[PDB]
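Enquirer: Supplied in structure tokens, the structure appears directly below.
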Number of protein chains: 4
Amino acid sequence: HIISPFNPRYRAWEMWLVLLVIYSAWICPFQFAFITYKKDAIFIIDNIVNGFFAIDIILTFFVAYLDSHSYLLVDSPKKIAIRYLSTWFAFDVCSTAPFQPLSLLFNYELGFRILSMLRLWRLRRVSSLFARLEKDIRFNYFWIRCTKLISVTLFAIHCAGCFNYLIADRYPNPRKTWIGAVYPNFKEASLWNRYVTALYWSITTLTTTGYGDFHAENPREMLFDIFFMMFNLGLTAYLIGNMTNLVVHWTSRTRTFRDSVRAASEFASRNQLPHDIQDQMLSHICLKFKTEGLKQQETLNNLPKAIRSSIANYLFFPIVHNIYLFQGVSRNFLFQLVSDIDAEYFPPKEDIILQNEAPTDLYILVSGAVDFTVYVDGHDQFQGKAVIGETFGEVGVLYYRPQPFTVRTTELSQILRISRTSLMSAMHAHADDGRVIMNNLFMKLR
Amino acid sequence: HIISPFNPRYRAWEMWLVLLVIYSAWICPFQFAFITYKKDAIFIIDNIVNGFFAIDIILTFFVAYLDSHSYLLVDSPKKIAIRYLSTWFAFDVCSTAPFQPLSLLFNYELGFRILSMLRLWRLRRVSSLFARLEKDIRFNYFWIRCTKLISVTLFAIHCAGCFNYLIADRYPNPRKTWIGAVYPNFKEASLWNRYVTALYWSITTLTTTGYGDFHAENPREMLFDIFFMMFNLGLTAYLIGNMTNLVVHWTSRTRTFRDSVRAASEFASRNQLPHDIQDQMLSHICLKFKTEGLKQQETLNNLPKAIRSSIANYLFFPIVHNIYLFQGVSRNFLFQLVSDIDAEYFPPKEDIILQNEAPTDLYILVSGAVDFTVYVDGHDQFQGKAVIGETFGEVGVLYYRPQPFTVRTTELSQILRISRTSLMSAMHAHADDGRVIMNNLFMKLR
Amino acid sequence: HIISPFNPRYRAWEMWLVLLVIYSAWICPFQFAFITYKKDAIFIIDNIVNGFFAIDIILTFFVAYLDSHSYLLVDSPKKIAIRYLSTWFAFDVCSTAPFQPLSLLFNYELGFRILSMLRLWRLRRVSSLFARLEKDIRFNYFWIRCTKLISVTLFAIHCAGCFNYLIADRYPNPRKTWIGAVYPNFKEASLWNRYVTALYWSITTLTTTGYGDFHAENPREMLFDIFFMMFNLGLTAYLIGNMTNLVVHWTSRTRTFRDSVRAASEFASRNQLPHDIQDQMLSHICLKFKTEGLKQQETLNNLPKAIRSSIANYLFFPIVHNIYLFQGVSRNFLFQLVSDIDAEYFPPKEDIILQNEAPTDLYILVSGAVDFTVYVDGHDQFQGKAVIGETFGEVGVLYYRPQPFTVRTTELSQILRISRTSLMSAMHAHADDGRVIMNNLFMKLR
Amino acid sequence: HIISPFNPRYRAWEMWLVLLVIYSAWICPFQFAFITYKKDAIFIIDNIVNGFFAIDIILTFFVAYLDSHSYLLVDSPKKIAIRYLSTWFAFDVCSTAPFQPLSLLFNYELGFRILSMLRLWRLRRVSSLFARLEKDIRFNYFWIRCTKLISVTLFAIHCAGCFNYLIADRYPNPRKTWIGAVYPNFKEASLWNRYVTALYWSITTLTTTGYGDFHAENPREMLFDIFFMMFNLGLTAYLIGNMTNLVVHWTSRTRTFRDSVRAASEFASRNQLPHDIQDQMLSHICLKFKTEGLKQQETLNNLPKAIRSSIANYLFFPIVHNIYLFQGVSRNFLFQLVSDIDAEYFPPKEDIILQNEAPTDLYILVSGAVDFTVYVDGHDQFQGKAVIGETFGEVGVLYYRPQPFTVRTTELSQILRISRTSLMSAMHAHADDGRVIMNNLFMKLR
Ligand SMILES: CCCCCCCCCCCCCC(=O)O[C@@H](COC(=O)CCCCCCCC)COP(=O)(O)O
Ligand SMILES: CCCCCCCCCCCCCC(=O)O[C@@H](COC(=O)CCCCCCCC)COP(=O)(O)O
Ligand SMILES: CCCCCCCCCCCCCC(=O)O[C@@H](COC(=O)CCCCCCCC)COP(=O)(O)O
Ligand SMILES: CCCCCCCCCCCCCC(=O)O[C@@H](COC(=O)CCCCCCCC)COP(=O)(O)O
Ligand SMILES: CC(C)CCC[C@@H](C)[C@H]1CC[C@H]2[C@@H]3CC[C@@H]4C[C@@H](O)CC[C@]4(C)[C@H]3CC[C@]12C
Ligand SMILES: CC(C)CCC[C@@H](C)[C@H]1CC[C@H]2[C@@H]3CC[C@@H]4C[C@@H](O)CC[C@]4(C)[C@H]3CC[C@]12C
Ligand SMILES: CC(C)CCC[C@@H](C)[C@H]1CC[C@H]2[C@@H]3CC[C@@H]4C[C@@H](O)CC[C@]4(C)[C@H]3CC[C@]12C
Ligand SMILES: CC(C)CCC[C@@H](C)[C@H]1CC[C@H]2[C@@H]3CC[C@@H]4C[C@@H](O)CC[C@]4(C)[C@H]3CC[C@]12C
């Protein structure tokens with residue numbers, strides 16, 4: 001018996017009202033200044049529009065809302081009328097109520113047009129849409145906000161141009177007005193010439209060009225220009241502020257990358273490192289930026305540490321499920337195993353593990369070739385290998401001994417890292433470490 | 001015997017002085033240029049205003065202040081005169097002292113008007129108010145500062161317009177001035193036409209429009225325009241800077257939210273997660289933003305860790321006071337218990353606790369339904385439940401064993417979390433853990 | 001059989017195309033408005049340019065690209081045509097296709113010039129270059145982006161000026177146009193005068209000056225100015241946003257330094273420290289800023305903790321290799337030793353180690369003199385020394401006893417710091433600590 | 001034999017050169033356009049200025065500099081000539097060399113004035129001063145940078161005005177120039193009228209007003225305005241960027257404070273806390289902001305942890321030196337004791353320690369009254385006290401028992417905090433804890 005605020009009916013009703021509001025807001029100054037009122041072909045359409053909003057006044061009592069403290073619903077139509085009658089009812093029933101149609105049919109005009117300028121309270125619904133669409137996900141945020149600013153700027157042009165043409169009509173002596181002193185016969189021309197002339201006056205003093213045509217002579221008009229140029233100063237400052245937000249935010253990523261590269265280059269050229277350490281640092285920052293892992297670190301560390309477990313369970317479980325070491329290790333162990341795996345990504349020709357380094361982490365390959373050569377003991381050649389899926393670092397499992405070989409990449413790779421302390425934290429989950437240790441003993445003895 | 005600076009008398013005295021300062025600052029250029037001086041109907045009011053400030057000069061010796069290093073008072077009127085006589089006394093006694101009324105009554109004028117332009121030192125009190133109202137809590141900060149800028153801009157318009165009308169009066173050959181070459185008979189017109197014309201000239205070169213009327217011909221006036229247009233360049237840059245602060249600060253929250261959603265969507269569409277993990281991540285960020293917990297985390301972690309204990313004592317003590325487990329647990333234990341409770345809030349249909357997960361935390365419901373179904377062992381149906389107030393996670397109290405069921409939400413909930421390490425930290429507070437363990441044994445055996 | 005996208009041939013082919021695109025984009029409005037078409041001396045060059053792009057349409061099928069998910073290559077020409085035929089093929093084959101040369105040779109003009117305005121789709125390659133050069137390392141980032149903005153601004157001036165000269169030619173009554181009412185005989189003048197006049201009109205309404213010459217009289221031209229001044233408002237806001245990024249980013253370092261100095265001075269002058277502690281704090285921040293160690297800390301702590309080991313191995317191994325203590329300590333121990341050394345840098349006259357201070361760290365000198373004097377027990381003189389390479393702090397190795405002397409610098413120095421906990425972490429690497437302890441015993445006994 | 005770069009002689013020599021550079025840069029356009037050259041009264045002064053710079057060319061070989069990698073000196077005049085002859089020698093010896101005085105005395109002019117426009121290379125010294133004064137401590141940073149921008153803007157006005165007056169002189173037909181068509185007789189007027197007219201033209205198109213006088217008619221002049229208005233667009237954007245930095249940086253502190261208060265008020269009014277917890281949170285943030293402890297925390301935690309020990313040794317040693325507990329505790333213990341003391345500051349009426357709270361920290365008063373009342377057991381009245389210097393919290397030294405009383409402030413205080421873990425860390429420093437424990441036993445037994 002109560003209409004939910006997420007039906008397909010009510011949302012299409014709102015968007016039909018939004019098109020109707022845009023119609024009313026475009027007509028109202030153009031009706032206020034140029035055209036007369038006694039003819040009725042637009043009077044019909046205005047009365048129909050007032051009928052639609054009078055229907056909406058009734059129908060907003062049947063609609064549920066979303067409360068702030070308790071969520072997802074408010075029903076039982078008490079407190080709905082308390083919400084609607086306190087916040088938005090008074091100005092809506094002032095705006096919806098016809099006054100010109102009663103003045104026309106009762107006895108009878110300028111004081112009745114000002115009562116028709118209250119139709120602009122209907123323009124809150126466009127603000128409610130541009131509040132919804134920023135916060136909705138499935139839209140470009142830097143498109144909606146510039147659309148909002150273009151809407152406000154175009155409406156300011158329109159309303160100011162029509163009001164100045166009004167104050168040019170109502171004044172005796174057509175000469176010494178802004179349009180009279182240039183065109184001496186202007187009331188006999190069409191609507192398109194007068195409307196384009198008023199619009200052209202208004203935009204040359206909004207966008208602060210100000211050629212020198214169409215300046216003011218009438219002192220009341222000379223008074224209107226003071227308030228309009230104050231308003232244009234304020235709005236132009238606001239517009240430059242929004243475009244500064246769009247430019248600062250659109251290019252933050254590339255600027256932060258170039259900061260990191262400048263800092264690495266100053267640190268390198270200060271201490272005079274030869275070539276190799278420079279190329280390692282700069283290529284490693286280039287491949288941190290091509291796979292943008294900084295936002296990955298932040299947004300993974302903002303997750304509630306169970307959804308990241310389901311992420312790693314999707315990504316790395318069939319890779320860890322088939323290794324040299326792990327054979328029969330009881331997948332209910334693997335669910336608690338997988339969730340601490342921290343992926344990584346590595347440049348080519350970066351010496352990963354050097355000879356006689358004290359061990360720190362397991363390096364499961366997921367892709368990419370690896371080339372191992374003797375370091376210090378062997379001047380050149382020798383042997384060293386590992387292929388997709390084939391782990392290494394299995395010396396420092398429990399042997400606690402340094403790595404035999406050198407580890408230099410050939411083509412780029414993706415290397416998982418279950419480190420030493422993570423392994424020793426996995427040690428207390430016993431009765432399945434026996435299978436791992438049997439795989440170690442039968443692994444190395446063969 | 002010494003007036004405190006927080007009386008209701010002295011604050012109303014200051015605000016009466018602020019209205020008097022605004023009066024003096026509006027009159028002084030308008031008196032300096034347009035009107036004469038020999039008539040006395042405003043001379044009376046100016047002498048009365050000088051009387052009020054001469055009273056304030058005496059009365060500021062009886063008032064205490066707030067020192068910088070030691071707080072809350074300085075009394076004993078030594079060092080009050082040392083403060084007042086060193087900082088603000090000289091220019092105040094130069095500004096308050098009448099010079100035109102002595103020139104009028106002594107013997108007698110342009111050199112005496114410049115001595116009346118020193119009345120603008122009285123305008124420090126408006127700066128003191130706009131320093132107080134930013135730092136006071138009970139006002140909108142983005143309203144006060146724009147009011148300050150509108151005040152400075154309007155006063156610049158006013159003073160520049162009146163000074164240019166002065167330099168147009170004092171020059172012989174009324175033609176070849178800015179107002180003379182357009183209106184040849186301008187000294188015979190009223191005050192309102194000349195004042196609106198001067199104001200209209202001034203605003204078309206402050207807001208950089210510059211139509212082309214009212215340009216300068218007199219070379220001293222052509223010299224005045226150089227300094228005024230330098231000043232307008234500086235002030236327009238300052239105004240755009242302040243509106244950039246208001247726009248960058250007004251929309252930081254929505255922009256940060258949309259950053260987080262873009263980063264989550266790039267991380268999802270890079271690694272090709274199917275649907276479910278995307279919808280979990282995006283709905284969890286949407287319900288971190290509807291209940292803005294990031295500012296909550298920051299401002300709770302900036303608190304001195306006793307007021308947050310009183311906060312949690314108000315919020316969660318009658319909820320934890322009535323549980324399945326806790327029955328007679330000696331509320332002086334509960335005061336030390338409650339202060340480490342970390343609240344949280346959760347989306348619907350997010351699988352909270354999965355089957356055979358190694359346990360981490362207690363999950364006391366505060367609201368919201370919970371639905372538990374068999375995971376892996378059971379393909380569908382089965383049973384699992386918990387209602388408002390009914391805790392779960394009571395397996396991993398001391399049993400250290402994985403959870404039996406799956407835990408999926410149905411409608412959204414608020415779930416407290418006293419985690420495993422927090423429980424084991426609460427273990428050393430003994431002689432009341434016996435009641436908890438008896439409640440465990442009689443709880444599970446039934 | 002497939003051309004790689006990193007050959008020297010294909011890159012020079014692209015840059016030749018970029019010069020050809022700049023040629024076409026400069027000619028096309030200037031051809032559209034000023035000159036005729038029936039003569040053929042430029043028609044030849046345009047057909048040759050269309051030939052070059054028709055060659056490029058074929059040749060872009062033989063070129064490999066870089067995929068997003070898997071890196072470094074895509075070969076095997078399937079999916080290359082799927083990439084190229086879906087993204088960029090349609091507008092390229094619309095732009096490359098000649099239509100004016102077919103209109104000239106088939107039967108025959110304004111509707112055929114608009115088909116020649118589609119040559120501006122060729123201007124995507126300039127956007128691809130200005131996307132590459134920001135992300136490439138070996139270029140100044142704040143030079144490329146301002147070059148991009150100057151390019152867009154100059155092209156807007158050019159195209160708007162030529163389009164307004166077109167709409168001034170095509171209109172009957174040469175008077176009441178923008179160039180007709182000032183120059184009554186303008187079609188008989190040269191190209192340079194008309195082109196400079198159109199360019200001069202366009203820039204006085206792009207850069208919002210607007211003298212007052214050359215305003216519009218024709219109502220269709222009065223309509224064109226509305227769209228052009230809207231566009232200029234948008235572009236001027238965008239340009240101010242980019243220069244705000246350049247100014248905020250160019251002076252962040254000096255502003256952060258001056259923040260730190262202001263905060264230290266307020267903390268000093270609040271609590272009334274005499275002189276010495278002020279000069280120590282301020283000189284220490286000055287020598288943190290002359291050797292900018294903050295970016296060093298950040299970018300070293302962002303490194304993957306093996307490249308920083310190779311850095312410290314290059315920088316400090318021949319310094320630690322020759323000390324009082326270390327003599328025969330088996331350089332495979334030294335590789336694991338060096339990587340935890342944290343360098344530092346110190347001001348002169350800063351009291352480094354005071355008398356009877358509980359010990360915290362080893363202080364190996366690398367440069368700079370050190371002067372030690374008796375503290376408290378000795379009023380003045382006494383003795384204390386250490387020279388380049390000569391360590392101190394060797395009391396608190398295992399003796400766990402306070403330092404004997406005071407340590408005040410004379411000229412500035414660079415002092416390594418292997419702290420107490422780092423030494424005790426190095427203790428478990430035994431069978432070579434015996435040599436260190438023998439060097440201690442024979443060191444102190446002599 | 002080598003002049004140090006920090007003598008009082010050489011710095012005064014540099015500042016005399018800076019005044020001479022400002023003289024040359026102001027004269028050079030004004031000499032280039034307005035005045036003739038054959039008279040000699042300024043020719044003398046120019047030759048003298050060239051003599052001063054020819055002396056400086058020699059004298060810059062005797063001066064030491066500061067190297068980048070090794071600091072504080074470079075002597076031994078090899079590599080000084082390598083620095084000076086590579087970087088700055090060529091353009092200095094091109095600028096210093098006279099060419100007009102040789103043209104005047106050799107045989108003989110426009111091509112020789114362009115050789116005199118190379119005197120503007122001498123203007124690097126003003127850039128070196130405005131690089132030094134930002135980085136020097138004893139100057140306001142937001143004053144120097146705005147002075148730099150005003151200097152560049154005024155010089156742009158000056159040079160552009162004089163160059164346009166040159167291109168107005170050199171053209172035949174004095175009518176159809178910018179100054180000719182308004183003043184038909186302008187070459188017969190003085191210097192002040194022509195100079196003010198050129199300056200007034202230049203500033204109305206720098207500050208984008210553009211009245212409508214003084215527009216261009218000569219096509220070469222119409223070409224000059226294009227480059228000058230491009231330059232003014234660029235410089236106006238740069239100026240707005242710098243004022244945006246000054247406004248964003250000048251009001252960051254108050255804006256951050258108001259952020260914290262808005263976040264606390266939203267967190268309070270969301271969860272509906274009654275009054276008391278709101279007033280505690282808001283008054284505690286107000287007294288974190290009146291004594292700005294956030295910058296204190298940052299800049300103390302950036303200190304090298306020995307200077308902060310000397311700070312706490314100056315601030316708190318004679319306060320801790322005289323307590324209830326500590327009597328004879330051997331001040332060489334006190335030097336290691338004091339350095340971990342963390343000061344704090346507290347609002348009035350904030351309940352500091354509640355009844356039956358599990359203890360956390362010692363609370364030595366340094367000022368401010370304290371009022372203790374019974375909590376829960378006692379409804380009202382009771383007793384509780386502590387005065388300046390009199391510690392409390394001495395229950396939980398080793399008794400590990402909750403506090404007896406409640407602790408509510410009356411007037412604001414400053415309370416040191418040596419916490420529980422800091423005390424237990426001080427426990428291993430024995431052979432003087434016996435005196436503390438004797439003071440405990442004789443303290444409580446009395
Ligand atoms: C041709 C006819 C077209 C008709 C269709 C157009 C009608 C659309 C109408 C939408 C209106 C809602 C837009 C809104 O809500 O107003 C923004 C605020 O506007 C300002 O800047 C006002 C600064 C004033 C300048 C100071 C005055 C100086 C004294 C919110 O911006 P926010 O900060 O994002 O909330
Ligand atoms: C019609 C009559 C109305 C009379 C009533 C109005 C009187 C009110 C009067 C209030 C005055 C106090 C306002 C203040 O204090 O001046 C701000 C600073 O102003 C600037 O920008 C000055 C930039 C100059 C431009 C460089 C010059 C270029 C060479 C502080 O701003 P802050 O940074 O927030 O402190
Ligand atoms: C004399 C002849 C010279 C011919 C050579 C010049 C041709 C070069 C041509 C390069 C073009 C690529 C440059 C680009 O891509 O367009 C930037 C975006 O431009 C804007 O600002 C457009 C704002 C519109 C204002 C709103 C309109 C208001 C309704 C990207 O900027 P981004 O943000 O960095 O990506
Ligand atoms: C009346 C006679 C007075 C004579 C005395 C004055 C002589 C002083 C002369 C000082 C000069 C050094 C100042 C400097 O170095 O130039 C700043 C940079 O200037 C710009 O903005 C240039 C933007 C160009 C706009 C793009 C052009 C668009 C195509 C550094 O600013 P920075 O970023 O802080 O380094
Ligand atoms: C002189 C002339 C330029 C005046 C134009 C000013 C407009 C910018 C004014 C006229 C009516 C105003 C609208 C009417 C009230 C609206 C409801 C409010 O919840 C949001 C702002 C809201 C949408 C206003 C925005 C600003 C408007 C559109
Ligand atoms: C050419 C014309 C535009 C000059 C107007 C400049 C004004 C903006 C000047 C004139 C007098 C100045 C005021 C007088 C001194 C005031 C005391 C000081 O503690 C705060 C600034 C303070 C309030 C000044 C602000 C700027 C004012 C109001
Ligand atoms: C009224 C007149 C000023 C219009 C000029 C507008 C120009 C600024 C428009 C005209 C053609 C447009 C270009 C054509 C399409 C181009 C491909 C796109 O991938 C990047 C933008 C891209 C390069 C456009 C940038 C903006 C241009 C250059
Ligand atoms: C059209 C007219 C407005 C041209 C004026 C442009 C000036 C802004 C140019 C003219 C000469 C230029 C100066 C000459 C070279 C100087 C050395 C360099 O290390 C710092 C910039 C440096 C100081 C330049 C700054 C910009 C100046 C002062």
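Within each chain, counting starts at residue 1; across the structure tokens, chains are named A, B, ... in the order shown, with ligands numbered 1 upward in that order.
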Could you give me, as a list in words, the residues within 10 Å of stretch 425-441 of chain D, counting only C-alpha atoms and dropping anything in the same chain fewer than 4 positions from it?
Expert: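 Answer for this query is residues 324, 325, 326, 327, 328, 329, 330, 333, 336, 337, 340, 394, 395, 397, 398, 419, 420, 421, 445 and 446 of chain D.
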Enquirer: Which chains and residue numbers are within 7 Å of ligand 4, counting only C-alpha atoms and all ligand atoms, if I want them as a PyMOL selection string?
Expert: (chain C and resi 247+250) or (chain D and resi 22+25-26+123+126-127+145+148+151-152+154-155+158+230-231+234-235+238)
Enquirer: Take the residues that were just selected and, keeping N, CA, C and O atoms, output them as a compact mmCIF listing (two decimals), in the first residue's frame.
Expert:
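Wrote it out as again.txt, contents follow:
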```txt
# COMPACT_ATOMS: atom_id res chain seq x y z
N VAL C 247 53.10 25.51 -10.70
CA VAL C 247 53.61 26.37 -9.64
C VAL C 247 53.57 25.68 -8.28
O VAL C 247 54.51 25.80 -7.49
N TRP C 250 56.43 23.02 -8.51
CA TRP C 250 57.80 23.48 -8.67
C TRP C 250 58.40 23.93 -7.35
O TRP C 250 59.62 23.83 -7.17
N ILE D 22 70.14 46.78 -11.24
CA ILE D 22 68.79 47.35 -11.29
C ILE D 22 68.79 48.67 -12.04
O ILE D 22 67.89 48.94 -12.85
N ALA D 25 69.18 47.77 -15.88
CA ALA D 25 67.98 47.18 -16.44
C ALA D 25 66.83 48.17 -16.50
O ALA D 25 65.94 48.02 -17.34
N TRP D 26 66.81 49.18 -15.63
CA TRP D 26 65.77 50.18 -15.82
C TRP D 26 66.10 51.14 -16.95
O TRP D 26 65.20 51.58 -17.65
N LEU D 123 71.40 40.58 -15.53
CA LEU D 123 70.25 40.41 -14.67
C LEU D 123 70.18 39.02 -14.07
O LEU D 123 69.17 38.66 -13.46
N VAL D 126 70.18 39.25 -9.96
CA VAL D 126 68.93 39.43 -9.25
C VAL D 126 68.24 38.08 -9.05
O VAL D 126 67.65 37.81 -8.00
N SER D 127 68.37 37.18 -10.03
CA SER D 127 67.86 35.82 -9.84
C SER D 127 68.66 35.06 -8.80
O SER D 127 68.09 34.26 -8.05
N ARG D 145 58.80 36.10 -2.46
CA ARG D 145 58.34 35.54 -3.73
C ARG D 145 57.34 36.46 -4.42
O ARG D 145 57.39 36.64 -5.65
N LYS D 148 59.35 39.12 -6.02
CA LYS D 148 59.91 38.65 -7.29
C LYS D 148 58.89 38.76 -8.42
O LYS D 148 59.23 39.20 -9.53
N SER D 151 58.35 42.36 -9.41
CA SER D 151 59.48 42.82 -10.22
C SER D 151 59.35 42.38 -11.67
O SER D 151 59.55 43.20 -12.58
N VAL D 152 58.99 41.12 -11.91
CA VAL D 152 58.88 40.65 -13.29
C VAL D 152 57.72 41.33 -14.01
O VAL D 152 57.84 41.71 -15.19
N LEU D 154 56.39 44.39 -13.37
CA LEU D 154 56.72 45.78 -13.66
C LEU D 154 57.73 45.90 -14.78
O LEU D 154 57.63 46.81 -15.62
N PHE D 155 58.69 44.98 -14.85
CA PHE D 155 59.63 45.07 -15.95
C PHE D 155 58.99 44.71 -17.28
O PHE D 155 59.37 45.28 -18.31
N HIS D 158 57.21 47.84 -18.42
CA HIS D 158 58.15 48.88 -18.85
C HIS D 158 58.72 48.59 -20.23
O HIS D 158 58.69 49.45 -21.12
N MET D 230 49.91 36.99 -26.25
CA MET D 230 50.29 35.64 -25.85
C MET D 230 51.11 35.64 -24.56
O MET D 230 50.85 34.85 -23.64
N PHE D 231 52.11 36.53 -24.50
CA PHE D 231 52.93 36.61 -23.30
C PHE D 231 52.12 37.00 -22.07
O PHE D 231 52.36 36.49 -20.98
N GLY D 234 50.19 33.99 -20.72
CA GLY D 234 51.06 33.11 -19.94
C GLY D 234 51.41 33.66 -18.57
O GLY D 234 51.32 32.95 -17.56
N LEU D 235 51.75 34.94 -18.51
CA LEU D 235 52.18 35.51 -17.24
C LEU D 235 51.03 35.66 -16.26
O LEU D 235 51.23 35.50 -15.05
N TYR D 238 50.54 32.36 -14.65
CA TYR D 238 51.59 32.08 -13.67
C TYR D 238 51.36 32.84 -12.36
O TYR D 238 51.57 32.29 -11.27
```
Enquirer: What does the distance between atom CA of residue C:424 and atom CA of residue A:357 come to in Å, to one decimal place?
Expert: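 Atom CA of residue C:424 sits 19.6 Å away from atom CA of residue A:357.
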Enquirer: As a PyMOL selection string, please: every protein or nucleic acid residue near ligand 8 (cut-off 12 Å, counting only C-alpha atoms and all ligand atoms).
Expert: chain D and resi 21-22+25-26+28-29+87-88+91-92+95+117-131+148-164+202-203+205-206+224-235
Enquirer: Find the residues of chain C in contact range of chain B, meaning any atom within 10 Å when counting only C-alpha atoms, and list them as a list in words.
Expert: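 Contact residues on the first chain: residues 68, 69, 208, 209, 210, 211, 212, 269, 270, 271 and 272 of chain C.
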Enquirer: If you keep N, CA and C atoms, can you produce a file of those selected residues as a PDB file, in the first residue's frame?
Expert:
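Contents of selection19.pdb, freshly written:
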```pdb
ATOM      1  N   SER C  68      47.975  -5.829 -22.673  1.00  0.00           N
ATOM      2  CA  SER C  68      47.836  -5.288 -21.330  1.00  0.00           C
ATOM      3  C   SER C  68      48.062  -6.344 -20.258  1.00  0.00           C
ATOM      4  N   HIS C  69      47.495  -7.536 -20.439  1.00  0.00           N
ATOM      5  CA  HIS C  69      47.524  -8.519 -19.363  1.00  0.00           C
ATOM      6  C   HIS C  69      48.795  -9.351 -19.403  1.00  0.00           C
ATOM      7  N   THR C 208      40.743  37.467 -23.749  1.00  0.00           N
ATOM      8  CA  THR C 208      39.726  38.317 -23.135  1.00  0.00           C
ATOM      9  C   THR C 208      40.062  39.794 -23.014  1.00  0.00           C
ATOM     10  N   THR C 209      40.858  40.335 -23.930  1.00  0.00           N
ATOM     11  CA  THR C 209      41.082  41.771 -23.883  1.00  0.00           C
ATOM     12  C   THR C 209      39.897  42.510 -24.470  1.00  0.00           C
ATOM     13  N   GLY C 210      39.646  42.330 -25.757  1.00  0.00           N
ATOM     14  CA  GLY C 210      38.464  42.906 -26.351  1.00  0.00           C
ATOM     15  C   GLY C 210      38.515  44.409 -26.439  1.00  0.00           C
ATOM     16  N   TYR C 211      39.312  44.953 -27.358  1.00  0.00           N
ATOM     17  CA  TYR C 211      39.453  46.402 -27.456  1.00  0.00           C
ATOM     18  C   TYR C 211      38.131  47.063 -27.795  1.00  0.00           C
ATOM     19  N   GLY C 212      37.585  46.759 -28.953  1.00  0.00           N
ATOM     20  CA  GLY C 212      36.370  47.434 -29.339  1.00  0.00           C
ATOM     21  C   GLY C 212      36.347  47.677 -30.820  1.00  0.00           C
ATOM     22  N   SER C 269      60.423  29.098  20.736  1.00  0.00           N
ATOM     23  CA  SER C 269      60.068  30.353  21.381  1.00  0.00           C
ATOM     24  C   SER C 269      58.829  30.240  22.250  1.00  0.00           C
ATOM     25  N   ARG C 270      58.132  29.110  22.216  1.00  0.00           N
ATOM     26  CA  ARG C 270      57.044  28.914  23.161  1.00  0.00           C
ATOM     27  C   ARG C 270      57.569  28.522  24.533  1.00  0.00           C
ATOM     28  N   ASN C 271      58.495  27.576  24.588  1.00  0.00           N
ATOM     29  CA  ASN C 271      58.966  27.051  25.857  1.00  0.00           C
ATOM     30  C   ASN C 271      60.195  27.768  26.378  1.00  0.00           C
ATOM     31  N   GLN C 272      60.681  28.777  25.652  1.00  0.00           N
ATOM     32  CA  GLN C 272      61.774  29.658  26.065  1.00  0.00           C
ATOM     33  C   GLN C 272      63.075  28.890  26.302  1.00  0.00           C
TER      34      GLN C 272
END
```
